[PDB]
There are 2 protein chains.
Amino acid sequence: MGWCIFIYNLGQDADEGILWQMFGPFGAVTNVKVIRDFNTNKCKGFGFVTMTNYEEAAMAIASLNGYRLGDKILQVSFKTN
Amino acid sequence: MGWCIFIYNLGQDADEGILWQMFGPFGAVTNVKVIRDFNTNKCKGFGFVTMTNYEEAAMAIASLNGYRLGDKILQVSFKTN
RNA sequence: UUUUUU
């Protein structure tokens, strides 16, 4: 199943490409998702990345939590619920 | 096969019976479906109901959109796409 | 601020 990473504070413009670019360097990434409103196709402000190996995921989170992405401070953590 | 109604914000637990119960009072209902993950039958958070009369579907939509079902506010509309 | 149209 890998490990699901939740990213908060993406801009309404954000694309999957940016999630790939940020997490890719840390190890295997199997899925990225920007969450959009169905009717406007705008980003609702969050997204998800699945990484296969926990230690890689944890390194991504340690580096990216608090990143200034565009003009927002990201919150990055393992997905809850 | 009739007017397709989209219901968002069902619980993981949701069953067909809750859709029948809520939509039944409004008129003829021919089909209900809770959308579940294929390999784990957890509800994906949404479902569909098919009603045969336009005015009865409209009534159900206008009355149930915003309903507090369990601890979630439903979004109920005519299916889009 | 935790995956919204089979």
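Letters A, B, ... mirror the listed sequences (proteins, then strands); counts begin at 1. Values reported hereafter were calculated over all heavy atoms of this structure, with side chains retained and with hydrogens, waters and symmetry mates removed.
Residues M22(A) and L74(A) come closest through the heavy atom pair CE-CD1, 3.7 Å. When all heavy atoms are compared, the tightest approach of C43(A) to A14(A) is CB-N, 4.4 Å.
Screening residues 13-35 of chain A for ring-ring contact (aromatic ring centres under 6.0 Å, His included), with sequence neighbours left out, gives no hits. Listed by first and then second residue, the side chain to side chain donor-acceptor pair (under 3.5 Å) pairs that reach into residues 53-65 of chain A are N53(A)-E56(A), sequence neighbours excluded.
With sequence neighbours excluded, the residues satisfying ring pair (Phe, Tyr, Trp, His ring centres under 6.0 Å) with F48(A) are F6(A). For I61(B), the side chain to side chain contact (heavy atoms under 4.5 Å, CB included) partners two or more places apart in sequence, or in a different chain, are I5(B), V76(B), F78(B). Not counting sequence neighbours, the partners of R68(A) by the side chain to side chain contact (heavy atoms under 4.5 Å, CB included) test are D71(A), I73(A).
The interatomic distance linking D37(A) (CG) with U1(C) (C1') rounds to 16 Å, in whole Å. Atom CZ of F48(B) and atom P of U6(C) are 5 Å apart (whole Å). Going from atom CZ of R36(A) over to atom P of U2(C) covers 18 Å, rounded to whole Å. Between the CG atom of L19(B) and the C1' atom of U5(C) there is a distance of 14 Å, given to the nearest Å. One atom, CD1 of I5(B), and another, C1' of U6(C), lie 15 Å apart when rounded to the nearest Å. In this structure, the CG atom of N65(A) is 17 Å from the P atom of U2(C), given to the nearest Å. As rounded to whole Å, 18 Å separates atom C1' of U2(C) from atom NZ of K44(B). For the pair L10(B) CG and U5(C) P, the computed distance is 13 Å after rounding to whole Å.
For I35(B), counting side-chain heavy atoms from C-beta on, the closest listed nucleotide (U4(C), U6(C), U3(C)) is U6(C). Checking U6(C), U2(C), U4(C) against the side-chain heavy atoms of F46(A) singles out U2(C) as nearest.
Stacking between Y8(A) and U1(C) is present: the aromatic ring centre lies within less than 5.5 angstrom of the base six-membered ring centre, and the two planes differ by under 30 degrees. No aromatic stack links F6(A) and the base of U1(C), using centre distance under 5.5 Å and interplanar angle under 30°.
Applying a 4.0 Å cut-off to non-hydrogen atoms, the residues of residues 71-81 of chain A that approach RNA chain C are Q75(A), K79(A), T80(A), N81(A), listed by residue number.
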